[PDB]
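Coordinates as given in structure-v9.tsv (TSV, C-alpha atoms and all ligand atoms):
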chain	number	residue	atom	x	y	z
A	50	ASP	CA	111.56	150.74	119.29
A	51	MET	CA	113.00	147.72	117.50
A	52	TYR	CA	115.11	148.21	114.37
A	53	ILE	CA	116.62	145.96	111.69
A	54	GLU	CA	120.18	145.81	110.24
A	55	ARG	CA	121.22	143.77	107.16
A	56	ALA	CA	123.34	140.71	108.02
A	57	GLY	CA	123.81	139.06	104.58
A	58	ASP	CA	122.51	137.29	101.46
A	59	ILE	CA	120.44	134.11	101.65
A	60	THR	CA	122.47	131.60	99.60
A	61	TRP	CA	123.64	127.97	99.99
A	62	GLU	CA	127.40	127.86	100.77
A	63	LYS	CA	129.38	125.08	99.10
A	64	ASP	CA	131.74	123.42	101.63
A	65	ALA	CA	129.98	124.88	104.68
A	66	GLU	CA	130.81	123.40	108.11
A	67	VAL	CA	128.71	120.17	108.56
A	68	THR	CA	127.42	119.29	112.10
A	69	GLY	CA	124.38	118.39	114.30
A	70	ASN	CA	122.51	115.12	114.76
A	71	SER	CA	118.97	114.17	113.47
A	72	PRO	CA	116.81	113.07	116.47
A	73	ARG	CA	113.26	111.76	116.09
A	74	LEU	CA	111.18	113.15	118.98
A	75	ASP	CA	107.53	112.81	120.00
A	76	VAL	CA	106.35	116.37	120.74
A	77	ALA	CA	103.15	118.33	121.56
A	78	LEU	CA	102.33	121.94	120.56
A	79	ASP	CA	100.14	124.01	122.89
A	80	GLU	CA	97.88	127.01	122.06
A	81	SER	CA	100.67	129.41	123.22
A	82	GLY	CA	103.10	128.07	120.54
A	83	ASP	CA	105.25	126.16	123.06
A	84	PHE	CA	106.59	122.71	122.10
A	85	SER	CA	107.00	120.08	124.85
A	86	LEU	CA	108.37	116.49	124.86
A	87	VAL	CA	105.79	113.68	125.02
A	88	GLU	CA	107.19	110.60	126.80
B	16	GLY	CA	114.47	152.13	104.61
B	17	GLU	CA	116.49	149.11	103.46
B	18	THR	CA	114.18	146.74	101.61
B	19	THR	CA	116.83	144.65	99.73
B	20	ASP	CA	116.19	140.86	100.05
B	21	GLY	CA	118.39	139.13	102.63
B	22	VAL	CA	118.82	138.14	106.29
B	23	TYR	CA	118.56	140.89	108.98
B	24	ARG	CA	119.24	141.27	112.70
B	25	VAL	CA	116.37	142.53	114.90
B	26	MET	CA	117.76	144.93	117.54
B	27	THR	CA	116.38	146.83	120.55
B	28	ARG	CA	117.72	149.80	122.55
B	29	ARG	CA	115.25	149.27	125.49
B	30	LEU	CA	117.58	147.01	127.52
B	31	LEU	CA	121.36	147.55	128.26
B	32	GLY	CA	123.18	148.90	125.16
B	33	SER	CA	122.01	147.57	121.78
B	34	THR	CA	120.74	144.03	122.19
B	35	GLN	CA	119.93	141.59	119.37
B	36	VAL	CA	116.55	139.96	120.19
B	37	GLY	CA	116.34	137.95	116.96
B	38	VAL	CA	116.67	137.67	113.15
B	39	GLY	CA	114.40	137.81	110.06
B	40	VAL	CA	114.12	137.44	106.27
B	41	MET	CA	113.29	140.20	103.78
B	42	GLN	CA	111.76	138.71	100.58
B	43	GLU	CA	109.57	140.40	97.93
B	44	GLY	CA	109.20	143.52	100.14
B	45	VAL	CA	107.97	141.52	103.19
B	46	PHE	CA	109.87	141.05	106.49
B	47	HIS	CA	109.44	137.60	108.06
B	48	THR	CA	110.37	136.74	111.67
B	49	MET	CA	109.15	134.71	114.70
B	50	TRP	CA	106.38	136.05	116.95
B	51	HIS	CA	108.43	135.64	120.17
B	52	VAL	CA	111.15	137.96	118.71
B	53	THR	CA	108.99	141.13	118.26
B	54	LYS	CA	105.68	140.17	119.99
B	55	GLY	CA	104.06	141.78	116.89
B	56	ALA	CA	105.46	145.28	117.58
B	57	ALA	CA	106.34	147.76	114.74
B	58	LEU	CA	109.93	147.85	113.46
B	59	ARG	CA	112.21	150.60	112.16
B	60	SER	CA	114.43	150.29	109.05
B	61	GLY	CA	116.54	153.47	108.84
B	62	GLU	CA	113.99	156.32	108.72
B	63	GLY	CA	111.17	153.95	107.58
B	64	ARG	CA	108.57	152.05	109.58
B	65	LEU	CA	107.58	148.38	109.04
B	66	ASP	CA	104.05	147.66	110.26
B	67	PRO	CA	102.83	144.14	111.10
B	68	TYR	CA	100.54	142.60	108.48
B	69	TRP	CA	99.92	138.99	109.63
B	70	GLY	CA	100.81	136.97	112.72
B	71	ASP	CA	99.89	133.92	114.76
B	72	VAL	CA	101.14	133.04	118.30
B	73	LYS	CA	100.59	129.26	117.82
B	74	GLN	CA	102.72	129.08	114.65
B	75	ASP	CA	105.13	131.62	116.37
B	76	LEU	CA	105.37	133.64	113.11
B	77	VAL	CA	104.79	137.26	111.97
B	78	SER	CA	105.12	139.12	108.58
B	79	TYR	CA	105.53	142.92	108.04
B	80	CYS	CA	104.39	145.10	105.02
B	81	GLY	CA	102.63	142.17	103.33
B	82	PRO	CA	101.46	138.55	103.56
B	83	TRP	CA	103.84	135.61	104.35
B	84	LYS	CA	105.85	134.92	101.14
B	85	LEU	CA	108.04	131.92	102.09
B	86	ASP	CA	106.51	128.65	100.77
B	87	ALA	CA	109.40	126.21	100.16
B	88	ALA	CA	109.37	123.00	102.24
B	89	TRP	CA	112.06	120.54	103.49
B	90	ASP	CA	111.92	117.49	101.15
B	91	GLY	CA	112.31	115.10	104.13
B	92	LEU	CA	115.51	113.55	102.70
B	93	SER	CA	118.23	116.12	102.01
B	94	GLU	CA	120.67	118.06	104.17
B	95	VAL	CA	119.84	121.75	104.78
B	96	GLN	CA	121.73	124.85	105.95
B	97	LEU	CA	120.96	127.04	108.97
B	98	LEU	CA	122.13	130.56	108.01
B	99	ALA	CA	122.88	131.43	111.62
B	100	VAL	CA	123.11	135.09	112.59
B	101	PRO	CA	124.24	135.05	116.28
B	102	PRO	CA	124.33	138.26	118.37
B	103	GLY	CA	127.55	140.23	117.74
B	104	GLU	CA	128.81	137.58	115.28
B	105	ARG	CA	129.04	137.23	111.45
B	106	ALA	CA	126.34	135.30	109.48
B	107	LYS	CA	127.53	131.70	109.07
B	108	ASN	CA	126.05	128.76	107.12
B	109	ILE	CA	125.89	125.46	109.04
B	110	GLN	CA	124.97	122.25	107.16
B	111	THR	CA	122.96	119.54	108.91
B	112	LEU	CA	120.57	116.63	108.30
B	113	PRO	CA	117.29	117.51	110.05
B	114	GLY	CA	115.65	115.21	112.57
B	115	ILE	CA	111.83	114.95	113.02
B	116	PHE	CA	109.26	116.34	115.48
B	117	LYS	CA	106.41	113.74	115.48
B	118	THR	CA	103.10	115.39	116.49
B	119	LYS	CA	99.45	114.25	116.75
B	120	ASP	CA	98.85	116.56	113.69
B	121	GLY	CA	101.78	115.42	111.52
B	122	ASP	CA	105.55	115.48	111.29
B	123	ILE	CA	107.83	118.55	111.14
B	124	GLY	CA	111.57	118.75	110.33
B	125	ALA	CA	113.84	119.71	113.25
B	126	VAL	CA	117.43	121.04	113.55
B	127	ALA	CA	119.72	120.11	116.44
B	128	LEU	CA	122.02	123.15	116.51
B	129	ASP	CA	122.77	125.19	119.66
B	130	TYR	CA	122.72	128.97	119.36
B	131	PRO	CA	121.93	131.89	121.79
B	132	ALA	CA	118.20	132.93	122.05
B	133	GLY	CA	118.89	136.10	120.00
B	134	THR	CA	119.60	133.85	116.95
B	135	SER	CA	115.77	133.09	116.70
B	136	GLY	CA	114.41	133.88	113.23
B	137	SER	CA	117.57	132.73	111.37
B	138	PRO	CA	116.51	131.08	108.08
B	139	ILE	CA	116.94	127.40	107.21
B	140	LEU	CA	117.62	126.88	103.44
B	141	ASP	CA	117.50	124.14	100.81
B	142	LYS	CA	120.22	123.57	98.09
B	143	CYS	CA	118.43	126.09	95.80
B	144	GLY	CA	118.82	128.86	98.45
B	145	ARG	CA	115.06	128.88	99.21
B	146	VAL	CA	113.94	129.50	102.78
B	147	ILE	CA	112.20	126.35	104.07
B	148	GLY	CA	111.55	127.80	107.55
B	149	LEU	CA	112.89	129.78	110.49
B	150	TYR	CA	114.98	128.52	113.42
B	151	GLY	CA	114.16	129.32	117.06
B	152	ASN	CA	111.07	127.50	118.36
B	153	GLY	CA	111.64	124.03	119.72
B	154	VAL	CA	112.47	122.03	122.82
B	155	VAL	CA	115.24	121.32	125.36
B	156	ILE	CA	116.06	117.60	125.36
B	157	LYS	CA	117.59	115.45	128.25
B	158	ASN	CA	121.20	116.83	127.90
B	159	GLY	CA	120.07	120.48	128.25
B	160	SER	CA	120.81	121.12	124.51
B	161	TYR	CA	118.39	122.71	121.96
B	162	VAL	CA	116.39	121.18	119.08
B	163	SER	CA	114.39	123.69	116.96
B	164	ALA	CA	111.46	122.89	114.67
B	165	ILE	CA	111.83	124.02	111.02
B	166	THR	CA	108.94	126.56	111.32
B	167	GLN	CA	107.29	127.52	108.02
B	168	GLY	CA	104.18	129.66	107.33
B	169	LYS	CA	101.64	129.39	104.51
B	170	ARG	CA	101.74	131.51	101.33
B	171	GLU	CA	98.08	132.57	100.68
C	1	LIG	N1	105.27	131.03	123.00
C	1	LIG	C1	106.59	130.95	122.38
C	1	LIG	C2	107.64	131.71	123.22
C	1	LIG	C3	109.07	131.37	122.86
C	1	LIG	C4	110.13	132.05	123.44
C	1	LIG	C5	111.44	131.74	123.13
C	1	LIG	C6	111.72	130.72	122.23
C	1	LIG	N2	113.06	130.37	121.93
C	1	LIG	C7	114.10	130.31	122.79
C	1	LIG	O1	113.99	130.58	123.99
C	1	LIG	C8	115.40	129.85	122.23
C	1	LIG	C9	115.76	130.06	120.90
C	1	LIG	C10	116.97	129.59	120.45
C	1	LIG	CL1	117.44	129.88	118.80
C	1	LIG	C11	117.83	128.88	121.27
C	1	LIG	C12	117.46	128.65	122.59
C	1	LIG	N3	118.26	127.79	123.36
C	1	LIG	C13	117.90	127.11	124.48
C	1	LIG	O2	116.86	127.24	125.10
C	1	LIG	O3	118.94	126.37	124.90
C	1	LIG	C14	118.86	125.84	126.25
C	1	LIG	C15	119.66	126.79	127.08
C	1	LIG	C16	119.65	128.14	126.78
C	1	LIG	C17	120.52	129.01	127.42
C	1	LIG	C18	121.39	128.55	128.37
C	1	LIG	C19	121.39	127.21	128.70
C	1	LIG	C20	120.52	126.34	128.07
C	1	LIG	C21	116.26	129.15	123.07
C	1	LIG	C22	110.67	130.04	121.64
C	1	LIG	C23	109.37	130.36	121.96
Representation of the structure as structure tokens:
Amino acid sequence: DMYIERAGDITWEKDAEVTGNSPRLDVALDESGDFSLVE
Amino acid sequence: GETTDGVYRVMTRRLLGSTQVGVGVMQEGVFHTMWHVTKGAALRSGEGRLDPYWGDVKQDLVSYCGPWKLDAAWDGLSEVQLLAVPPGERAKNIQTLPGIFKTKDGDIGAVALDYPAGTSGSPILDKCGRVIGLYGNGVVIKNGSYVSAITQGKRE
């Protein structure tokens, strides 16, 4: 029996920590909703 | 139960202790999460029950109490924020410039941020605070790291 608990408001935070890169990848999506890399 | 708009943890008592299996968004009385988090099962909110309303395994999305309400899209130019809700940890906004998933059926925004599997369903937002998609379905690239698609439904 799954249950939910509030974790916060959905708002943009000014001066939030900035990280992560922006890769461009060729991918395929199968009928089961799984993404895979196409090379 | 609690129906106030916001981000929520999805918990289960089936496994050891109380385990967080994912995250979701409550908006306009509808609860939005990823299919792999709940597998479409019913949810509890206090003494109330949330019943599934719509879902699709290929999109990896599910809505409860009503149809999918989130219809904002990434503009393809601007930075976004992942409002990450990791298991046992406080909600935290992380700003990033999305990458791209190029598919035979079009391009999708992607976020290269590494979080535990129980973070799936955390919302990705634009500068107006609108949810442009959910984090948690993507791929593992060469280094072993994670890149998630920005998964968004359709508002009928
Ligand atoms: N048919 C769809 C089923 C499905 C089922 C599940 C998922 N999602 C995940 O598994 C998931 C979600 C998030 Cl937010 C992060 C990760 N991270 C990830 O895989 O990182 C590599 C790694 C992990 C742990 C230790 C070492 C390396 C996974 C998607 C889809």
List as JSON, numbers by chain the protein and nucleic acid residues near residue 58 of chain B, meaning an atom at most 7 Å away when only C-alpha atoms are counted, but skip any in the same chain fewer than 2 places from it.
{"A": [50, 51, 52], "B": [56, 60, 64, 65, 66]}
For ligand LIG 1 (chain C), collect every residue having any atom at a distance of at most 7 Å from a ligand atom (counting only C-alpha atoms and all ligand atoms); output as a PyMOL selection string.
(chain A and resi 81-83) or (chain B and resi 51+72+75+129-135+150-153+155+159-161)
With 6 Å of padding per side, what axis-aligned box (centre and edge lengths, Å, one decimal) covers all the listed atoms of segment 70-82 of chain B? Give it as AutoDock Vina command-line options.
--center_x 102.7 --center_y 137.1 --center_z 110.8 --size_x 17.6 --size_y 28.0 --size_z 27.0
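Of the residues under consideration (B:95, B:165, B:149, B:87), B:95 shows the shortest atom-to-atom contact distance to chain A when counting all atoms listed in the file.
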Point out the residue among B:146, B:31, B:115, B:80 with the least atom-to-atom distance to chain A, counting only C-alpha atoms.
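With only C-alpha atoms as the atom set, the closest residue is B:115.
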Distance table requested - chain B against chain A, cut-off 8 Å, all atoms listed in the file: one row per qualifying residue with the closest atom pair and its distance in Å to one decimal, ordered by chain and rising residue number, as a Markdown table.
| residue | atom | partner | partner_atom | distance |
| --- | --- | --- | --- | --- |
| B:20 | CA | A:58 | CA | 7.4 |
| B:21 | CA | A:58 | CA | 4.7 |
| B:22 | CA | A:57 | CA | 5.4 |
| B:23 | CA | A:55 | CA | 4.3 |
| B:24 | CA | A:54 | CA | 5.2 |
| B:25 | CA | A:53 | CA | 4.7 |
| B:26 | CA | A:52 | CA | 5.3 |
| B:27 | CA | A:51 | CA | 4.6 |
| B:28 | CA | A:50 | CA | 7.0 |
| B:29 | CA | A:50 | CA | 7.4 |
| B:53 | CA | A:51 | CA | 7.8 |
| B:56 | CA | A:51 | CA | 7.9 |
| B:57 | CA | A:51 | CA | 7.2 |
| B:58 | CA | A:51 | CA | 5.1 |
| B:59 | CA | A:52 | CA | 4.4 |
| B:60 | CA | A:53 | CA | 5.5 |
| B:61 | CA | A:52 | CA | 7.8 |
| B:72 | CA | A:82 | CA | 5.8 |
| B:73 | CA | A:82 | CA | 3.9 |
| B:74 | CA | A:82 | CA | 6.0 |
| B:75 | CA | A:82 | CA | 5.8 |
| B:96 | CA | A:61 | CA | 7.0 |
| B:98 | CA | A:59 | CA | 7.5 |
| B:100 | CA | A:56 | CA | 7.2 |
| B:105 | CA | A:56 | CA | 7.5 |
| B:106 | CA | A:56 | CA | 6.4 |
| B:108 | CA | A:65 | CA | 6.0 |
| B:109 | CA | A:66 | CA | 5.4 |
| B:110 | CA | A:67 | CA | 4.5 |
| B:111 | CA | A:68 | CA | 5.5 |
| B:112 | CA | A:71 | CA | 5.9 |
| B:113 | CA | A:71 | CA | 5.1 |
| B:114 | CA | A:71 | CA | 3.6 |
| B:115 | CA | A:73 | CA | 4.7 |
| B:116 | CA | A:74 | CA | 5.1 |
| B:117 | CA | A:75 | CA | 4.7 |
| B:118 | CA | A:76 | CA | 5.4 |
| B:119 | CA | A:77 | CA | 7.3 |
| B:125 | CA | A:71 | CA | 7.6 |
| B:126 | CA | A:71 | CA | 7.0 |
| B:127 | CA | A:69 | CA | 5.4 |
| B:128 | CA | A:69 | CA | 5.8 |
| B:140 | CA | A:61 | CA | 7.0 |
| B:141 | CA | A:61 | CA | 7.3 |
| B:142 | CA | A:61 | CA | 5.9 |
| B:143 | CA | A:61 | CA | 6.9 |
| B:144 | CA | A:60 | CA | 4.7 |
| B:145 | CA | A:59 | CA | 7.9 |
| B:152 | CA | A:84 | CA | 7.5 |
| B:153 | CA | A:84 | CA | 5.7 |
| B:154 | CA | A:84 | CA | 6.0 |
| B:156 | CA | A:86 | CA | 7.8 |
Counting all atoms listed in the file, which residue out of B:81, B:157, B:107, B:124 sits closest to residue 88 of chain A?
B:157
Can you measure atom CA of residue 78 of chain B to atom CA of residue 148 of chain B for me? One decimal in Å is fine.
13.1 Å
Please reconstruct the missing atoms of segment 54-79 of chain A (target: N, CA and C atoms) and return them as a PDB file, in the frame of the given file.
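Final output, result-v6.pdb:
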ATOM      1  N   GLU A  54     118.885 145.515 110.862  1.00  0.00           N
ATOM      2  CA  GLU A  54     120.180 145.810 110.240  1.00  0.00           C
ATOM      3  C   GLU A  54     120.522 144.643 109.332  1.00  0.00           C
ATOM      4  N   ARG A  55     120.898 144.891 108.062  1.00  0.00           N
ATOM      5  CA  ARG A  55     121.220 143.770 107.160  1.00  0.00           C
ATOM      6  C   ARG A  55     122.380 142.946 107.674  1.00  0.00           C
ATOM      7  N   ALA A  56     122.280 141.616 107.585  1.00  0.00           N
ATOM      8  CA  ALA A  56     123.340 140.710 108.020  1.00  0.00           C
ATOM      9  C   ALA A  56     123.932 139.844 106.878  1.00  0.00           C
ATOM     10  N   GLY A  57     123.268 139.796 105.720  1.00  0.00           N
ATOM     11  CA  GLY A  57     123.810 139.060 104.580  1.00  0.00           C
ATOM     12  C   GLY A  57     122.798 138.606 103.546  1.00  0.00           C
ATOM     13  N   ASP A  58     123.298 137.884 102.528  1.00  0.00           N
ATOM     14  CA  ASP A  58     122.510 137.290 101.460  1.00  0.00           C
ATOM     15  C   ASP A  58     122.039 135.919 101.913  1.00  0.00           C
ATOM     16  N   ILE A  59     120.939 135.441 101.340  1.00  0.00           N
ATOM     17  CA  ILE A  59     120.440 134.110 101.650  1.00  0.00           C
ATOM     18  C   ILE A  59     120.833 133.201 100.482  1.00  0.00           C
ATOM     19  N   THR A  60     121.939 132.475 100.646  1.00  0.00           N
ATOM     20  CA  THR A  60     122.470 131.600  99.600  1.00  0.00           C
ATOM     21  C   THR A  60     123.082 130.344 100.224  1.00  0.00           C
ATOM     22  N   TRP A  61     122.998 129.204  99.525  1.00  0.00           N
ATOM     23  CA  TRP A  61     123.640 127.970  99.990  1.00  0.00           C
ATOM     24  C   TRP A  61     125.164 128.153  99.843  1.00  0.00           C
ATOM     25  N   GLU A  62     125.950 127.736 100.854  1.00  0.00           N
ATOM     26  CA  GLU A  62     127.400 127.860 100.770  1.00  0.00           C
ATOM     27  C   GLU A  62     127.994 126.492 100.520  1.00  0.00           C
ATOM     28  N   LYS A  63     128.718 126.341  99.408  1.00  0.00           N
ATOM     29  CA  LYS A  63     129.380 125.080  99.100  1.00  0.00           C
ATOM     30  C   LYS A  63     130.524 124.902 100.105  1.00  0.00           C
ATOM     31  N   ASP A  64     130.692 123.693 100.641  1.00  0.00           N
ATOM     32  CA  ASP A  64     131.740 123.420 101.630  1.00  0.00           C
ATOM     33  C   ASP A  64     131.528 124.209 102.922  1.00  0.00           C
ATOM     34  N   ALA A  65     130.278 124.262 103.392  1.00  0.00           N
ATOM     35  CA  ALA A  65     129.980 124.880 104.680  1.00  0.00           C
ATOM     36  C   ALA A  65     130.327 123.842 105.764  1.00  0.00           C
ATOM     37  N   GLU A  66     130.519 124.294 107.001  1.00  0.00           N
ATOM     38  CA  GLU A  66     130.810 123.400 108.110  1.00  0.00           C
ATOM     39  C   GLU A  66     129.595 122.469 108.364  1.00  0.00           C
ATOM     40  N   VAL A  67     129.809 121.139 108.390  1.00  0.00           N
ATOM     41  CA  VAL A  67     128.710 120.170 108.560  1.00  0.00           C
ATOM     42  C   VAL A  67     128.663 119.598 109.988  1.00  0.00           C
ATOM     43  N   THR A  68     127.537 119.783 110.723  1.00  0.00           N
ATOM     44  CA  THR A  68     127.420 119.290 112.100  1.00  0.00           C
ATOM     45  C   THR A  68     125.945 119.055 112.543  1.00  0.00           C
ATOM     46  N   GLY A  69     125.719 118.613 113.780  1.00  0.00           N
ATOM     47  CA  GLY A  69     124.380 118.390 114.300  1.00  0.00           C
ATOM     48  C   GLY A  69     123.869 116.991 114.017  1.00  0.00           C
ATOM     49  N   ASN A  70     123.097 116.439 114.955  1.00  0.00           N
ATOM     50  CA  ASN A  70     122.510 115.120 114.760  1.00  0.00           C
ATOM     51  C   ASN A  70     121.055 115.276 114.224  1.00  0.00           C
ATOM     52  N   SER A  71     120.327 114.167 114.034  1.00  0.00           N
ATOM     53  CA  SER A  71     118.970 114.170 113.470  1.00  0.00           C
ATOM     54  C   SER A  71     118.012 113.357 114.371  1.00  0.00           C
ATOM     55  N   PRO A  72     117.653 113.865 115.562  1.00  0.00           N
ATOM     56  CA  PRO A  72     116.810 113.070 116.470  1.00  0.00           C
ATOM     57  C   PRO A  72     115.349 113.025 116.082  1.00  0.00           C
ATOM     58  N   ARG A  73     114.690 111.897 116.340  1.00  0.00           N
ATOM     59  CA  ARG A  73     113.260 111.760 116.090  1.00  0.00           C
ATOM     60  C   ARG A  73     112.553 111.834 117.441  1.00  0.00           C
ATOM     61  N   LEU A  74     111.787 112.908 117.676  1.00  0.00           N
ATOM     62  CA  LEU A  74     111.180 113.150 118.980  1.00  0.00           C
ATOM     63  C   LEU A  74     109.676 113.230 118.916  1.00  0.00           C
ATOM     64  N   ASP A  75     108.980 112.702 119.926  1.00  0.00           N
ATOM     65  CA  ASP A  75     107.530 112.810 120.000  1.00  0.00           C
ATOM     66  C   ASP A  75     107.264 114.111 120.737  1.00  0.00           C
ATOM     67  N   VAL A  76     106.591 115.083 120.099  1.00  0.00           N
ATOM     68  CA  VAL A  76     106.350 116.370 120.740  1.00  0.00           C
ATOM     69  C   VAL A  76     104.863 116.797 120.681  1.00  0.00           C
ATOM     70  N   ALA A  77     104.488 117.762 121.530  1.00  0.00           N
ATOM     71  CA  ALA A  77     103.150 118.330 121.560  1.00  0.00           C
ATOM     72  C   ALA A  77     103.258 119.858 121.434  1.00  0.00           C
ATOM     73  N   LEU A  78     102.308 120.488 120.746  1.00  0.00           N
ATOM     74  CA  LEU A  78     102.330 121.940 120.560  1.00  0.00           C
ATOM     75  C   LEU A  78     101.097 122.512 121.231  1.00  0.00           C
ATOM     76  N   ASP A  79     101.284 123.419 122.202  1.00  0.00           N
ATOM     77  CA  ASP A  79     100.140 124.010 122.890  1.00  0.00           C
ATOM     78  C   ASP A  79      99.642 125.294 122.177  1.00  0.00           C
TER      79      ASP A  79
END
